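Chains as they are written, first to last, in the numbering used here: chain Z, 5 to 260; chain G, 378 to 632; chain H, 7 to 34; chain U, 10 to 37; chain P, 5 to 31; chain E, 7 to 101; chain F, 7 to 101; chain R, 16 to 278; chain S, 16 to 278. Think of the CB as a built atom: it goes at the ideal place given N, C-alpha and C, for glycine as much as any other residue. Notes follow the structure.
Pasting the structure below:
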């Protein structure tokens, strides 16, 4: 039983990967790519970026606060409490910032895209667009893909710059660390160009992966209302797994 | 501004009221658990067992990332033998419960909302009411108890797998001595209170996540577009609630 | 409608009171 | 399609128990 | 189901080889 | 609102209504209630719903499993039309 | 597959077909093409689709904005039935 | 009493939109009673009012002489064993095959031994005609077979009021004929009281004994099939023949034309 | 040529299920051509075959003498400016009002100045009858008004083949009459060639000029409305009158009865 089932699942996964590759390829080859697409890309930046901003800000505040607490409690045993700013900034710019931003973006905006495209496919809007000679891959897939790719790194930058402020609230304002030591210690010692550039690199990789998985699951879903709700869950799950795996790989490559 | 702000405030208050009413009407009952075992087992399968692969595969990777980022920090102070303590504490305190709750809201927190919204769309709840079968007692409470029972177990699995992933990175790959790792980790930090706090915050996260899920699935507009607007709302609100409650519980249980 | 609003006010009051006694048991 | 659910829930509970034992034996 | 079973056995062998290659790192 | 069977030799005779609430008192002891009979009377039965037909079919089957071919008697025509709704063959419910 | 207007005094006369591909050459200079006319000929026009009717209505309006009440001439009856499909009042398209 | 259900001056509005405005209809006992009307008017709420799922704003809904909205919850759950809705989507439980769906009311409310319950469920599935599909999941069923299985479920507890909710909507004439035959022979044999709320006039009026055409938030006309196929009223006649333009405007309210044509 | 669309021995199967088995139909130019059949048979795929969205397995689909599946992508996108589908759900773009939906094909393919485009869109919305709803979002529209707006969109580029996809399914006789009047007067005025794939016989046969009853994966009969209302064939006659029991089994295939009744 295992041989047949495993072979069938392997062939099905190969087929899914091939269809996803074909979709992305045919969606990302065109001359008018960005001209005449300004309103489309602006509306998609609003649906993907702006609407997914409050959750990012609030989560950044709260994770910065948790990091401040759990870093103060660790450093106070060595009187290194003044390095709390360095600790928070590095833990955000290395792992928590990009990964948590990617998880929350795949939950909020990675599922909204899948649901929206699945519904657009259920009401036969994609077939009605193909029937009037308007390539949907070039009209509804490319703007959303570019909106996701452009909008995740900005959300990650906001998430970081907000979690740093939350860690400052906890350490400086509440715990009573010297603000000068905090900021000065953090700024001078470790936030160089390499720490940032790596944050942006892994954020862009997470953006590509999350938005691609989401768009493909929304474009390959069964049109029925029970195939959409089954594709949103698959989007969230596969996106979280891919984020964590690619994050482990990128950490192993960029740091050790 | 005030023209719509007060309307939004009273709407949010009415939403909280509907949620509390649903919970209270679905939880009060003596004959609850017996004759419901064939329901609770199926729900433990749907909520728990199907949401186990993601938990395991994510725990491995988070343990590995913690191992790498802890080794690269502790090798400066010749404390790389405390990597076990670091990984175990960072999993049992913050990463374990919070990440397990987030992935549970993603996989099993949205599946419940979608399933209940679809059950409300095809008019299965009204058809169940028409034959004198209270749905809040027949379809809500089994799922609620399945979620509450199943998240603190996925959390334990997530921990005990992330610890092993950190062991893979630290002991096997980097080359730390296994004896130092494990002995250093067990005596120094794994007290009963850390495990108890992990389970407490895991249970709180389970309650809030599964409650938000069931409510958003039960209060959704039956149209096929209002369901997808309820799944995303479930994921968003549950992540926000998890993070806020996590900050509060950390401030409580760790000074 | 009125009963739902009243249950909501009561639940929010109980939640904020629990969070308040918690944070008063946290800072000090 | 129900003994499948039964045995899988049993396996899940057994895995949770093994994980709890692993933690509580690497705890003291 | 012949070619399917063959592809499945090949995928299992490839997974075992990948595990052995990861074992080339340590242990 | 009562069911009471009293077999007079080899002629079982049911009484009162026949529905889901009173099926158990007869189903509990269907065997001794059908042993050695060839004529199931129903004239003293007012109302027979679907559960009553199920019990009647099971009794007729249990009696046929003892050799004696069963013949119904005094069957209300409402039972007959309600059984023809369910399309019951003449094999299981002898007219 | 050509549109060419040649006004003979105060009588504009269109030629060839009239559809979405050739509307621009006349719409670019609609004003001087309609200035001081009272009779828009259409006998030399083969096919008139919806865009042709839109251009005709706009030309009739621009001419009415100059006083001279416009009268159509030689209009194919297919134009009339295709305009009555759209339910055009006699105010904008004088029969 | 002869009126099983008897509405009296009932009015129901959601939001601010007056759905029903002082309507009153009587459902005779033992006879089919259609309630027709234009689509989108919300005439399916007229069934949720009888089911007690939602409460009206005025009026009374007498079920067998018992006011429904005034009843308690236990008394309502006791009365609901006499009614049975049939939603147009079937409303089958997707996590159990057709047999378990049909057996759910029997297995829930009645204490029947397993052999008797199996025999009864098979008898009812044969009555509808889906006995061969007693093992199929609801997803494997067609669009009409789902409604037929739901009808088999609705007659499980032997009710006396089966409120159909647009059973003929969007189906070929074969399935319409099957469903109308089933409804007619169930009303004939079991003696149940059907209430067919639909808008497929040529099929609904083939069985209905006293129709109630419902338009403009109130009741416009009512009577037998013949008294409606001969009623000389603009709205009723337009709705019955399907006349495109009439008292219901074929053209959406627009206003002027020149300003929209030549801006 | 007189046959605008001309299928020849086309056969299409998905999975392993033979949907079509060697069917061949001709669509005359300028006349409505119904394609009826039982629901769930997948007769809407017969339109996606003409649209080139999916390719058949055998046979040829000649559109104006040009084989469609053999065409390239640019040539297909050029031909598709002559066809226009009308999906039963309207298929309106939900992120723009009715005006933008109707103007989408004009604003996409033709170079019309903004005043001329506005005038043309208003003219077409008046032709259908939704000019008053030129500012409503597609969500604020009813079930029939959505199809009417989609029909206004389908006639934007002045096509010559409008493939309707069950336009009458699940609607009151008023909206059915409105839609059938619109289809008839569009086929009359514009001279377009309609292909109504539906299963609402009494309304479809009121306009159709050459129907094609499609049952059992092949074509069973075809002809004018009269040649079908008098064809003495069991399957065709059952499908046309809506006879419950006939060559299509009313009872699902079950088999024995005693073993299911008395296990």
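**Request:** Identify each residue in the segment 72-97 of chain F for which the Cβ-Cβ distance to at least one residue of chain R is less than 9 Å, and report them in chain order.
**Result:** Listed by position, the residues of the segment 72-97 of chain F near chain R (Cβ gap below 9 Å) are 93, 94, 95 and 97.
**Prompt:** If you scan the segment 188-249 of chain R from start to end, which runs of the beta strand (DSSP E) of 3 or more residues do you find wholly inside it?
**Reply:** Within the segment 188-249 of chain R, the complete beta strand (DSSP E) runs of at least 3 residues are 209-212, 226-230 and 233-238.
**Message:** Let's see if you can read the secondary structure: which residues bound the beta strand (DSSP E) around residue 74 of chain S?
**Reply:** Secondary structure note for residue 74 of chain S: its beta strand (DSSP E) is the uninterrupted segment 73-78.
**Request:** Please specify which runs of the alpha helix (DSSP H), each continuous and at least 4 residues long, are wholly inside the segment 462-527 of chain G, giving them in chain order.
**Result:** Whole alpha helix (DSSP H) segments, 4+ residues: 473-498 and 501-507.
**Prompt:** Within 10 angstroms of its Cβ, does residue 11 of chain U collect 16 or more other Cβ (buried), or is it exposed?
**Reply:** Burial state of residue 11 of chain U is exposed, judged by a 10 Å Cβ sphere holding fewer than 16 other Cβ atoms.
**Asked** Between the beta-carbon of residue 44 of chain Z and the beta-carbon of residue 147 of chain Z, is there less than 8 Å?
**Response** Yes, the Cβ-Cβ distance between residue 44 of chain Z and residue 147 of chain Z is below 8 Å.
**Prompt:** Closer than 8 Å, CB to CB, is residue 236 of chain Z near chain S or not?
**Reply:** Interface with chain S (8 Å Cβ-Cβ cutoff): residue 236 of chain Z is excluded.
**Prompt:** Does the segment 236-246 of chain Z come close enough to the segment 79-98 of chain Z to have 3 or more Cβ pairs within less than 8 Å?
**Reply:** In this structure the segment 236-246 of chain Z does not lie against the segment 79-98 of chain Z, because fewer than three pairs of beta carbons, one per stretch, are closer than 8 Å.
**Message:** Taking CB distances under 8 Å as the criterion, tell me whether residue 197 of chain S reaches chain E.
**Reply:** Output row for residue 197 of chain S: interface = no.
**Asked** Along the chain, where does the beta strand (DSSP E) that runs through residue 36 of chain R open and close?
**Response** Residues 32-38.
**Item:** chain R within 8 Å of residue 26 of chain E, Cβ atoms only
**Value:** By this cut-off, residue 26 of chain E is an interface position.
**Request:** For the segment 64-116 of chain R, list the alpha helix (DSSP H) runs that are entirely contained and at least 4 residues long, ordered along the chain.
**Result:** Entirely contained in the segment 64-116 of chain R, the alpha helix (DSSP H) runs reaching 4 residues are, in chain order, 88-94.
**Prompt:** Using a C-beta to C-beta distance shorter than 8 Å, which residues of chain F count as neighbours of residue 138 of chain S?
**Reply:** For residue 138 of chain S, the chain F residues whose C-beta falls within less than 8 Å of its own C-beta are 56, 59, 60, 92 and 94, listed in chain order.
**Message:** Using only CA atoms, which one of G:395, G:608 and G:524 lies nearest to residue 582 of chain G?
**Reply:** Closest option to residue 582 of chain G, Cα to Cα, is G:524.
**Request:** Can you tell me which of Z:17, Z:60 and Z:18 puts its alpha carbon nearest to the alpha carbon of residue 163 of chain Z?
**Result:** Ranking the options by Cα distance to residue 163 of chain Z, first place goes to Z:60.
**Item:** Distance CB(residue 109 of chain R)-CB(residue 153 of chain R) smaller than 8 Å
**Value:** A contact, by the Cβ cut-off of 8 Å.
**Message:** Can you confirm whether the segment 388-401 of chain G touches the segment 13-24 of chain H when touching is taken to mean that 3 or more C-beta pairs between the two stretches lie within less than 8 Å?
**Reply:** Yes: the two stretches touch, three or more of their Cβ pairs being nearer than 8 Å.
**Request:** May I have the straight-line CA-CA distance separating residue 119 of chain Z from residue 379 of chain G, to the nearest angstrom?
**Result:** A straight-line Cα-Cα distance of about 33 Å links residue 119 of chain Z and residue 379 of chain G.
**Asked** Using DSSP with H/G/I as helix, E/B as strand and the rest coil, what is residue 47 of chain Z?
**Response** For residue 47 of chain Z, the three-state secondary structure derived from DSSP is helix.
**C-beta atoms of residue 39 of chain E and residue 29 of chain E nearer than 8 Å** = With respect to the 8 Å criterion, residue 39 of chain E and residue 29 of chain E are not classified as neighbours on the basis of their beta carbons.
**Asked** Is the distance from the Cβ of residue 62 of chain R to the Cβ of residue 113 of chain R below 8 Å?
**Response** Between residue 62 of chain R and residue 113 of chain R, the C-beta gap is not smaller than 8 Å, which leaves the two residues out of contact.
**Partner residues on chain U for residue 559 of chain G, Cβ-Cβ distance less than 8 Å** = Under the 8 Å cutoff, chain U gives 35.
**Item:** Beta-ladder partner(s) of residue 22 of chain F, from DSSP
**Value:** Answer is F:51.
**Message:** Quick check on residue 71 of chain F: buried or exposed, where buried means 16 or more other Cβ atoms within 10 Å of its Cβ?
**Reply:** Residue 71 of chain F should be labelled exposed.
**Message:** For residue 29 of chain R, report the span of its beta strand (DSSP E) as first-last.
**Reply:** Note, residue 29 of chain R: beta strand (DSSP E), 18-29.
**Prompt:** With 8 Å set as the bound, which would you pick, yes or no: does the beta-carbon of residue 63 of chain F sit closer than that to a beta-carbon of chain R?
**Reply:** Yes, residue 63 of chain F lies at the interface with chain R (some Cβ there is under 8 Å from its Cβ).
**Prompt:** With distances taken between CB atoms, is the gap from residue 216 of chain R to residue 255 of chain R smaller than 8 Å?
**Reply:** Yes, the pair counts as a contact, with Cβ atoms nearer than the cut-off.
**Message:** Restricting to runs no shorter than 4 residues, where is the alpha helix (DSSP H) found entirely within the segment 28-77 of chain E?
**Reply:** Segments of the alpha helix (DSSP H) lying fully in the segment 28-77 of chain E: 30-33, 36-40 and 56-70.
**Asked** Would the segment 39-54 of chain S and the segment 264-277 of chain R be scored as touching if the rule is three or more Cβ pairs under 8 Å?
**Response** Judged by Cβ distances under 8 Å, the segment 39-54 of chain S makes no contact with the segment 264-277 of chain R, as fewer than three pairs qualify.
**Message:** For the structure I just gave you, are there three or more beta carbon pairs, one from the segment 119-129 of chain Z and one from the segment 598-614 of chain G, closer than 8 Å?
**Reply:** With the rule of 3 Cβ pairs closer than 8 Å, the segment 119-129 of chain Z counts as touching the segment 598-614 of chain G.
**Asked** What residue from Z:34, Z:46, Z:219 and Z:237 has the CA that sits closest to residue 24 of chain Z's CA?
**Response** Ranking the options by Cα distance to residue 24 of chain Z, first place goes to Z:219.
**Request:** Can you give me the start and stop residues for the alpha helix (DSSP H) that residue 153 of chain S sits inside?
**Result:** No alpha helix (DSSP H) holds residue 153 of chain S; DSSP gives it neither H nor E.
**Request:** For chain R, find out if any of its Cβ atoms is closer than 8 Å to the Cβ of residue 630 of chain G; answer yes or no.
**Result:** For residue 630 of chain G, the nearest beta carbon of chain R is not closer than 8 Å to its own beta carbon.
**Message:** So residue 96 of chain R contacts chain G; which residues on that side make the cut at Cβ distance below 8 Å?
**Reply:** Within chain G, the residues near residue 96 of chain R are 508 and 509.
**Message:** Residues of chain C with CB closer than 7 Å to the CB of residue 71 of chain Z, please, in chain order.
**Reply:** You won't find chain C in this structure, because its protein chains are Z, G, H, U, P, E, F, R and S.
**Request:** Put residue 180 of chain S into one of helix, strand or coil per three-state DSSP.
**Result:** Strand at residue 180 of chain S.
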